[PDB]
Amino acid sequence: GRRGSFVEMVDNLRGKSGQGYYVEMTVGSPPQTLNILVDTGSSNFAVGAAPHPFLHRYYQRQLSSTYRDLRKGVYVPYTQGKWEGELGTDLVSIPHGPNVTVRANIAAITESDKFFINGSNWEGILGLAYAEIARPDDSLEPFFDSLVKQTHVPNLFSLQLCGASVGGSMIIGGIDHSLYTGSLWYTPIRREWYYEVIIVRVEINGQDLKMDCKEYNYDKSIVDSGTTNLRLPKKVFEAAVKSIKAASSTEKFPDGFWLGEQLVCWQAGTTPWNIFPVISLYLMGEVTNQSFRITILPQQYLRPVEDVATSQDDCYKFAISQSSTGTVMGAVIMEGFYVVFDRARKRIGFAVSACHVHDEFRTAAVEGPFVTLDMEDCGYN
Ligand SMILES: C[C@@]1(c2cc(NC(=O)c3ccc(C#N)cn3)ccc2F)C=C(CF)OC(N)=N1
């Protein structure tokens with residue numbers, strides 16, 4: 001397709017619960033196939049390049065006639081573990097994506113810790129965010145930037161994350177209208193580094209948290225397909241769970257559950273969804289003093305934990321958790337919505353996902369417009 005319909009790319013995402021969403025890619029000539037995690041929270045294209053025992057397969061540079069060494073390394077630490085690699089370029093394509101082949105930067109991973117997941121079916125990570133947060137620096141052109149520069153692929157992508165096997169769609173260079181219902185609503189990308197946005201108001205079951213909105217974006221709010229949780233700043237988390245506790249006080253659960261220190265189980269088929277509140281985030285709109293509201297269900301924040309071998313019941317993780325890095329709108333948010341990363345226009349569109357899991361009483365929602373004053377004061381500097 002060219003606009004509005006891209007049958008080729010529908011259902012091009014796979015994964016497992018809690019292990020993220022991956023797309024099939026090829027690197028080098030002749031083409032080497034790899035499953036690659038779709039990550040809007042980073043900016044490196046990095047692939048396994050050595051026989052780590054967890055890996056189904058890895059990039060074999062020796063086999064590629066189109067491979068070029070940049071004679072430079074890159075060391076990428078995170079909070080939990082790291083990866084390290086050798087920088088180069090090669091020909092990269094997406095079999096179930098646009099019908100093109102691009103020369104892109106590839107970090108050939110040669111050492112890692114707590115990076116590859118044991119039992120997962122991906123071998124690398126596609127950083128979809130901007131050069132500003134690329135490693136080692138902003139001169140290493142991210143994949144999507146190389147894609148847009150070298151081809152006629154429009155400067156946007158969209159994500160439908162569907163939620164042991166998960167599915168979804170990454171529509172590269174377009175939007176597929178079958179993937180959502182109702183209207184897209186757009187929030188401005190504040191700065192092109194992460195996919196930074198501003199949260200303007202928070203409601204639990206319709207009840208405003210009544211916090212200084214500056215808190216909601218302390219020090220950052222981002223959209224991140226490479227994180228499971230809805231992550232909230234601790235002050236906001238405290239307030240949020242306090243209200244979530246109140247709305248659900250029809251039942252009691254240990255404190256640890258709310259901190260994700262323990263899991264909570266119900267007997268098969270009898271999860272009290274209705275005891276749990278909806279969560280609504282108001283996002284800055286396109287227009288001065290105008291906002292919109294996205295609403296998620298317990299279906300989104302209470303996640304099935306499948307691999308619990310010491311229990312026979314239906315066990316769940318509370319997937320809202322505190323943070324030091326700001327708000328992270330991960331899979332918990334994105335699984336409710338069709339999300340349009342409108343890079344050309346510096347904006348992010350949300351619409352009700354045609355695939356989000358709901359019940360017969362409550363649906364995920366995108367609603368507007370609303371009148372919100374002082375939305376700029378919600379940003380942090
Ligand atoms: C570069 C990475 C990253 C992300 C992941 N992501 C996942 O493993 C993962 C798991 C489940 C879901 C879901 N749903 C999404 N991503 C793995 C390794 C990894 F290094 C680092 C962080 C933390 F700082 O956050 C983001 N967005 N990306």
# chains A, B, ... in the order shown; residues from 1 in each chain; ligands from 1

call {"tool": "residues_around", "arguments": {"residues": "residue A:26", "least_positions_apart": "5", "cutoff": "6 Å", "atoms": "only C-alpha atoms", "output": "number ranges by chain"}}
result
A: 31-33, 92-93

call {"tool": "residues_near_ligand", "arguments": {"ligand": "ligand 1", "cutoff": "6 Å", "atoms": "only C-alpha atoms and all ligand atoms", "output": "list in words"}}
result
residues 18, 19, 20, 39, 41, 42, 78, 115, 224, 225, 226, 227, 228 and 331 of chain A

call {"tool": "write_last_selection", "arguments": {"atoms": "N, CA, C and O atoms", "output": "PDB file, in the first residue's frame"}}
result
ATOM      1  N   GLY A  18       5.338 -10.558  28.578  1.00  0.00           N
ATOM      2  CA  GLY A  18       6.440 -10.057  29.397  1.00  0.00           C
ATOM      3  C   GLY A  18       7.810 -10.103  28.759  1.00  0.00           C
ATOM      4  O   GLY A  18       8.783  -9.782  29.418  1.00  0.00           O
ATOM      5  N   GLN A  19       7.890 -10.476  27.481  1.00  0.00           N
ATOM      6  CA  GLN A  19       9.166 -10.545  26.762  1.00  0.00           C
ATOM      7  C   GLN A  19       9.256  -9.583  25.575  1.00  0.00           C
ATOM      8  O   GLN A  19      10.286  -9.536  24.889  1.00  0.00           O
ATOM      9  N   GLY A  20       8.177  -8.837  25.319  1.00  0.00           N
ATOM     10  CA  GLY A  20       8.166  -7.772  24.316  1.00  0.00           C
ATOM     11  C   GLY A  20       7.753  -8.206  22.928  1.00  0.00           C
ATOM     12  O   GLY A  20       7.448  -9.370  22.705  1.00  0.00           O
ATOM     13  N   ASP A  39      11.545  -1.273  19.889  1.00  0.00           N
ATOM     14  CA  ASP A  39      11.757  -0.460  21.087  1.00  0.00           C
ATOM     15  C   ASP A  39      11.745   1.047  20.799  1.00  0.00           C
ATOM     16  O   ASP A  39      12.738   1.612  20.301  1.00  0.00           O
ATOM     17  N   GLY A  41      11.785   3.209  23.048  1.00  0.00           N
ATOM     18  CA  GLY A  41      12.477   3.830  24.174  1.00  0.00           C
ATOM     19  C   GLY A  41      13.989   3.920  24.067  1.00  0.00           C
ATOM     20  O   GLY A  41      14.630   4.362  25.011  1.00  0.00           O
ATOM     21  N   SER A  42      14.562   3.496  22.938  1.00  0.00           N
ATOM     22  CA  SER A  42      15.992   3.663  22.657  1.00  0.00           C
ATOM     23  C   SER A  42      16.190   3.911  21.144  1.00  0.00           C
ATOM     24  O   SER A  42      15.207   3.920  20.387  1.00  0.00           O
ATOM     25  N   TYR A  78      22.805  -0.279  31.476  1.00  0.00           N
ATOM     26  CA  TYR A  78      21.502   0.109  32.012  1.00  0.00           C
ATOM     27  C   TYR A  78      21.533  -0.190  33.503  1.00  0.00           C
ATOM     28  O   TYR A  78      22.563  -0.656  34.014  1.00  0.00           O
ATOM     29  N   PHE A 115      20.788  -8.949  29.313  1.00  0.00           N
ATOM     30  CA  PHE A 115      20.225  -8.320  28.140  1.00  0.00           C
ATOM     31  C   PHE A 115      19.334  -9.285  27.363  1.00  0.00           C
ATOM     32  O   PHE A 115      18.123  -9.065  27.258  1.00  0.00           O
ATOM     33  N   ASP A 224       6.860   4.165  25.339  1.00  0.00           N
ATOM     34  CA  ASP A 224       7.939   3.168  25.264  1.00  0.00           C
ATOM     35  C   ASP A 224       7.446   1.732  25.118  1.00  0.00           C
ATOM     36  O   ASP A 224       6.995   1.118  26.088  1.00  0.00           O
ATOM     37  N   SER A 225       7.542   1.196  23.905  1.00  0.00           N
ATOM     38  CA  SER A 225       7.096  -0.169  23.621  1.00  0.00           C
ATOM     39  C   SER A 225       8.063  -1.209  24.196  1.00  0.00           C
ATOM     40  O   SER A 225       7.754  -2.399  24.222  1.00  0.00           O
ATOM     41  N   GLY A 226       9.233  -0.756  24.639  1.00  0.00           N
ATOM     42  CA  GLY A 226      10.243  -1.636  25.217  1.00  0.00           C
ATOM     43  C   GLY A 226      10.185  -1.775  26.736  1.00  0.00           C
ATOM     44  O   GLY A 226      11.159  -2.200  27.343  1.00  0.00           O
ATOM     45  N   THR A 227       9.042  -1.416  27.329  1.00  0.00           N
ATOM     46  CA  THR A 227       8.768  -1.528  28.763  1.00  0.00           C
ATOM     47  C   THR A 227       7.364  -2.090  28.892  1.00  0.00           C
ATOM     48  O   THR A 227       6.438  -1.643  28.204  1.00  0.00           O
ATOM     49  N   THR A 228       7.205  -3.067  29.776  1.00  0.00           N
ATOM     50  CA  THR A 228       5.901  -3.635  30.066  1.00  0.00           C
ATOM     51  C   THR A 228       5.040  -2.622  30.821  1.00  0.00           C
ATOM     52  O   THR A 228       3.917  -2.310  30.404  1.00  0.00           O
ATOM     53  N   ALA A 331       3.836  -1.037  27.543  1.00  0.00           N
ATOM     54  CA  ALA A 331       2.832  -1.977  27.033  1.00  0.00           C
ATOM     55  C   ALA A 331       1.474  -1.870  27.712  1.00  0.00           C
ATOM     56  O   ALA A 331       0.449  -2.043  27.054  1.00  0.00           O
TER      57      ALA A 331
END

call {"tool": "select_by_dssp", "arguments": {"residues": "stretch 23-232 of chain A", "states": "alpha helix (DSSP H)", "output": "PDB file with N, CA and C atoms, in the first residue's frame"}}
result
ATOM      1  N   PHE A 143      18.217   3.780  12.864  1.00  0.00           N
ATOM      2  CA  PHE A 143      17.662   3.078  11.737  1.00  0.00           C
ATOM      3  C   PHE A 143      16.557   3.831  10.999  1.00  0.00           C
ATOM      4  N   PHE A 144      15.578   4.367  11.731  1.00  0.00           N
ATOM      5  CA  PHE A 144      14.400   4.963  11.077  1.00  0.00           C
ATOM      6  C   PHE A 144      14.805   6.206  10.309  1.00  0.00           C
ATOM      7  N   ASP A 145      15.714   6.990  10.884  1.00  0.00           N
ATOM      8  CA  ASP A 145      16.333   8.108  10.164  1.00  0.00           C
ATOM      9  C   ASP A 145      16.986   7.661   8.836  1.00  0.00           C
ATOM     10  N   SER A 146      17.716   6.535   8.842  1.00  0.00           N
ATOM     11  CA  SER A 146      18.356   6.025   7.612  1.00  0.00           C
ATOM     12  C   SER A 146      17.322   5.566   6.597  1.00  0.00           C
ATOM     13  N   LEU A 147      16.240   4.974   7.100  1.00  0.00           N
ATOM     14  CA  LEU A 147      15.137   4.502   6.276  1.00  0.00           C
ATOM     15  C   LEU A 147      14.495   5.656   5.482  1.00  0.00           C
ATOM     16  N   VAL A 148      14.223   6.751   6.188  1.00  0.00           N
ATOM     17  CA  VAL A 148      13.515   7.899   5.631  1.00  0.00           C
ATOM     18  C   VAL A 148      14.412   8.646   4.635  1.00  0.00           C
ATOM     19  N   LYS A 149      15.675   8.859   5.026  1.00  0.00           N
ATOM     20  CA  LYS A 149      16.691   9.517   4.191  1.00  0.00           C
ATOM     21  C   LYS A 149      16.975   8.800   2.857  1.00  0.00           C
ATOM     22  N   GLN A 150      16.969   7.466   2.848  1.00  0.00           N
ATOM     23  CA  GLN A 150      17.401   6.684   1.678  1.00  0.00           C
ATOM     24  C   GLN A 150      16.295   6.228   0.738  1.00  0.00           C
TER      25      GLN A 150
END

call {"tool": "select_by_dssp", "arguments": {"residues": "stretch 181-281 of chain A", "states": "strand (DSSP E or B)", "output": "VMD selection string"}}
result
chain A and resid 181 to 188 192 195 to 196 199 to 204 207 to 208 221 to 223 230 to 233 264 to 266 279 to 281

call {"tool": "closest_residue", "arguments": {"among": "A:127, A:256, A:88, A:168", "to": "residue A:194", "atoms": "only C-alpha atoms"}}
result
A:127

call {"tool": "closest_atom_pairs", "arguments": {"of": "stretch 86-141 of chain A", "to": "stretch 62-69 of chain A", "cutoff": "12 Å", "atoms": "only C-alpha atoms", "output": "tab-separated table"}}
result
residue	atom	partner	partner_atom	distance
A:86	CA	A:69	CA	8.1
A:87	CA	A:69	CA	6.6
A:88	CA	A:69	CA	4.5
A:89	CA	A:68	CA	5.3
A:90	CA	A:67	CA	4.8
A:91	CA	A:66	CA	6.6
A:92	CA	A:66	CA	10.1
A:101	CA	A:66	CA	11.8
A:102	CA	A:66	CA	11.2
A:103	CA	A:66	CA	9.1
A:104	CA	A:67	CA	10.2
A:105	CA	A:68	CA	9.5
A:106	CA	A:67	CA	9.6
A:107	CA	A:69	CA	10.3
A:108	CA	A:69	CA	10.2

call {"tool": "write_last_selection", "arguments": {"atoms": "N, CA and C atoms", "output": "short mmCIF file (atom, residue, chain, number, x, y, z; two decimals), in the first residue's frame"}}
result
data_model
loop_
_atom_site.label_atom_id
_atom_site.label_comp_id
_atom_site.auth_asym_id
_atom_site.auth_seq_id
_atom_site.Cartn_x
_atom_site.Cartn_y
_atom_site.Cartn_z
N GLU A 86 30.43 -3.80 18.47
CA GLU A 86 31.31 -3.27 17.46
C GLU A 86 30.41 -2.66 16.42
N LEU A 87 30.66 -1.38 16.14
CA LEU A 87 29.85 -0.63 15.19
C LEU A 87 30.26 -0.90 13.76
N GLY A 88 29.25 -0.95 12.90
CA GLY A 88 29.42 -1.15 11.47
C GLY A 88 28.16 -0.71 10.75
N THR A 89 28.15 -0.88 9.43
CA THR A 89 26.94 -0.66 8.64
C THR A 89 26.71 -1.88 7.77
N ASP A 90 25.47 -2.09 7.36
CA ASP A 90 25.13 -3.14 6.41
C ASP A 90 23.74 -2.87 5.82
N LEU A 91 23.38 -3.68 4.83
CA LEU A 91 22.08 -3.62 4.19
C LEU A 91 21.03 -4.28 5.08
N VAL A 92 19.93 -3.56 5.30
CA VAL A 92 18.90 -3.99 6.25
C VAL A 92 17.53 -3.89 5.60
N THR A 101 15.43 -1.77 0.86
CA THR A 101 16.66 -2.22 1.49
C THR A 101 17.50 -0.98 1.73
N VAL A 102 17.99 -0.85 2.96
CA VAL A 102 18.62 0.36 3.42
C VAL A 102 19.99 0.05 4.02
N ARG A 103 20.96 0.96 3.84
CA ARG A 103 22.22 0.85 4.55
C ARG A 103 22.03 1.50 5.91
N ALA A 104 22.14 0.70 6.97
CA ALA A 104 21.97 1.20 8.34
C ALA A 104 23.15 0.87 9.24
N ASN A 105 23.33 1.67 10.28
CA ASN A 105 24.23 1.35 11.37
C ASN A 105 23.75 0.13 12.13
N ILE A 106 24.67 -0.79 12.41
CA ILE A 106 24.38 -1.98 13.22
C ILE A 106 25.45 -2.11 14.30
N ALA A 107 25.01 -2.22 15.55
CA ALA A 107 25.90 -2.54 16.65
C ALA A 107 25.94 -4.05 16.79
N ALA A 108 27.08 -4.64 16.43
CA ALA A 108 27.26 -6.07 16.57
C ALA A 108 27.64 -6.39 18.01
#

call {"tool": "closest_atom_pairs", "arguments": {"of": "stretch 59-157 of chain A", "to": "stretch 195-203 of chain A", "cutoff": "12 Å", "atoms": "only C-alpha atoms", "output": "Markdown table"}}
result
| residue | atom | partner | partner_atom | distance |
| --- | --- | --- | --- | --- |
| A:127 | CA | A:195 | CA | 11.5 |
| A:128 | CA | A:195 | CA | 9.2 |
| A:129 | CA | A:195 | CA | 6.6 |
| A:130 | CA | A:195 | CA | 8.2 |
| A:131 | CA | A:195 | CA | 11.7 |
| A:132 | CA | A:195 | CA | 11.2 |
| A:133 | CA | A:195 | CA | 10.8 |

call {"tool": "closest_atom_pairs", "arguments": {"of": "stretch 147-264 of chain A", "to": "stretch 361-381 of chain A", "cutoff": "9 Å", "atoms": "only C-alpha atoms", "output": "Markdown table"}}
result
| residue | atom | partner | partner_atom | distance |
| --- | --- | --- | --- | --- |
| A:182 | CA | A:366 | CA | 8.2 |
| A:183 | CA | A:366 | CA | 8.0 |
| A:184 | CA | A:366 | CA | 8.0 |
| A:185 | CA | A:366 | CA | 7.3 |
| A:190 | CA | A:379 | CA | 8.7 |
| A:197 | CA | A:379 | CA | 8.7 |
| A:198 | CA | A:379 | CA | 6.2 |
| A:199 | CA | A:378 | CA | 7.1 |
| A:200 | CA | A:375 | CA | 6.1 |
| A:201 | CA | A:372 | CA | 8.5 |
| A:212 | CA | A:378 | CA | 7.7 |
| A:213 | CA | A:378 | CA | 4.9 |
| A:214 | CA | A:378 | CA | 4.2 |
| A:215 | CA | A:378 | CA | 7.6 |
| A:216 | CA | A:378 | CA | 7.5 |
| A:217 | CA | A:379 | CA | 6.2 |
| A:218 | CA | A:380 | CA | 6.4 |
| A:219 | CA | A:380 | CA | 5.9 |
| A:220 | CA | A:380 | CA | 7.2 |

call {"tool": "write_last_selection", "arguments": {"atoms": "C-alpha atoms", "output": "PDB file, in the first residue's frame"}}
result
ATOM      1  CA  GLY A 182     -13.138   6.194  16.245  1.00  0.00           C
ATOM      2  CA  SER A 183     -10.760   9.090  15.767  1.00  0.00           C
ATOM      3  CA  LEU A 184      -7.018   9.464  16.276  1.00  0.00           C
ATOM      4  CA  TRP A 185      -6.156  12.107  18.878  1.00  0.00           C
ATOM      5  CA  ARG A 190       7.827  17.781  23.343  1.00  0.00           C
ATOM      6  CA  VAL A 197       4.897  13.823  25.830  1.00  0.00           C
ATOM      7  CA  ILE A 198       3.187  15.806  28.609  1.00  0.00           C
ATOM      8  CA  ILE A 199       0.538  14.369  30.905  1.00  0.00           C
ATOM      9  CA  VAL A 200      -1.787  17.084  31.913  1.00  0.00           C
ATOM     10  CA  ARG A 201      -4.273  15.373  34.267  1.00  0.00           C
ATOM     11  CA  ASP A 212       0.486  19.636  40.567  1.00  0.00           C
ATOM     12  CA  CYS A 213       0.632  18.337  36.992  1.00  0.00           C
ATOM     13  CA  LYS A 214       4.416  19.041  36.982  1.00  0.00           C
ATOM     14  CA  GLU A 215       4.674  15.859  39.106  1.00  0.00           C
ATOM     15  CA  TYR A 216       3.180  13.687  36.300  1.00  0.00           C
ATOM     16  CA  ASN A 217       6.083  14.607  34.059  1.00  0.00           C
ATOM     17  CA  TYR A 218       8.889  14.486  36.638  1.00  0.00           C
ATOM     18  CA  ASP A 219      11.328  14.535  35.099  1.00  0.00           C
ATOM     19  CA  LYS A 220       9.962  12.994  31.875  1.00  0.00           C
TER      20      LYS A 220
END

call {"tool": "atom_distance", "arguments": {"atom1": "atom CA of residue A:244", "atom2": "atom CA of residue A:332"}}
result
15.6 Å

call {"tool": "closest_residue", "arguments": {"among": "A:124, A:98, A:51, A:15", "to": "residue A:2", "atoms": "only C-alpha atoms"}}
result
A:98

call {"tool": "residues_around", "arguments": {"residues": "residue A:176", "least_positions_apart": "5", "cutoff": "8 Å", "atoms": "only C-alpha atoms", "output": "ChimeraX atom specification"}}
result
/A:3-6,171

call {"tool": "write_last_selection", "arguments": {"atoms": "N, CA, C and O atoms", "output": "PDB file, in the first residue's frame"}}
result
ATOM      1  N   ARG A   3      -1.182   4.542   1.038  1.00  0.00           N
ATOM      2  CA  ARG A   3      -1.912   5.232   2.130  1.00  0.00           C
ATOM      3  C   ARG A   3      -3.129   4.492   2.698  1.00  0.00           C
ATOM      4  O   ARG A   3      -3.974   4.000   1.943  1.00  0.00           O
ATOM      5  N   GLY A   4      -3.196   4.422   4.031  1.00  0.00           N
ATOM      6  CA  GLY A   4      -4.386   3.960   4.759  1.00  0.00           C
ATOM      7  C   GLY A   4      -4.650   2.459   4.869  1.00  0.00           C
ATOM      8  O   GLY A   4      -5.500   2.032   5.672  1.00  0.00           O
ATOM      9  N   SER A   5      -3.937   1.668   4.060  1.00  0.00           N
ATOM     10  CA  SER A   5      -4.079   0.201   4.017  1.00  0.00           C
ATOM     11  C   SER A   5      -2.761  -0.476   3.607  1.00  0.00           C
ATOM     12  O   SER A   5      -2.180  -0.147   2.571  1.00  0.00           O
ATOM     13  N   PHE A   6      -2.293  -1.407   4.441  1.00  0.00           N
ATOM     14  CA  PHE A   6      -0.941  -1.968   4.337  1.00  0.00           C
ATOM     15  C   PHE A   6      -1.019  -3.407   4.777  1.00  0.00           C
ATOM     16  O   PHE A   6      -0.378  -3.789   5.765  1.00  0.00           O
ATOM     17  N   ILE A 171       3.172  -0.743  11.415  1.00  0.00           N
ATOM     18  CA  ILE A 171       2.969  -0.179  10.078  1.00  0.00           C
ATOM     19  C   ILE A 171       4.025   0.880   9.833  1.00  0.00           C
ATOM     20  O   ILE A 171       3.984   1.951  10.431  1.00  0.00           O
TER      21      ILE A 171
END

call {"tool": "atom_distance", "arguments": {"atom1": "atom CA of residue A:172", "atom2": "atom CA of residue A:344"}}
result
13.0 Å

call {"tool": "residues_around", "arguments": {"residues": "residue A:80", "least_positions_apart": "6", "cutoff": "12 Å", "atoms": "only C-alpha atoms", "output": "mmCIF file with N, CA and C atoms, in the first residue's frame"}}
result
data_model
loop_
_atom_site.group_PDB
_atom_site.id
_atom_site.type_symbol
_atom_site.label_atom_id
_atom_site.label_comp_id
_atom_site.auth_asym_id
_atom_site.auth_seq_id
_atom_site.Cartn_x
_atom_site.Cartn_y
_atom_site.Cartn_z
ATOM 1 N N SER A 112 27.429 -9.157 26.659
ATOM 2 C CA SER A 112 26.233 -8.633 27.339
ATOM 3 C C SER A 112 26.000 -9.222 28.732
ATOM 4 N N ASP A 113 25.209 -8.534 29.536
ATOM 5 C CA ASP A 113 24.784 -9.093 30.816
ATOM 6 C C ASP A 113 23.334 -8.718 31.030
ATOM 7 N N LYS A 114 22.517 -9.696 31.409
ATOM 8 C CA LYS A 114 21.065 -9.477 31.683
ATOM 9 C C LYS A 114 20.326 -8.745 30.549
ATOM 10 N N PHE A 115 20.788 -8.949 29.313
ATOM 11 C CA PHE A 115 20.225 -8.320 28.140
ATOM 12 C C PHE A 115 19.334 -9.285 27.363
ATOM 13 N N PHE A 116 19.932 -10.336 26.806
ATOM 14 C CA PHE A 116 19.159 -11.387 26.157
ATOM 15 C C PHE A 116 18.369 -12.154 27.212
#

call {"tool": "closest_residue", "arguments": {"among": "A:165, A:291, A:262, A:325", "to": "residue A:17", "atoms": "only C-alpha atoms"}}
result
A:165

call {"tool": "closest_residue", "arguments": {"among": "A:254, A:285, A:272, A:53", "to": "residue A:186", "atoms": "only C-alpha atoms"}}
result
A:285

call {"tool": "closest_residue", "arguments": {"among": "A:322, A:35, A:312, A:99", "to": "residue A:240", "atoms": "only C-alpha atoms"}}
result
A:322
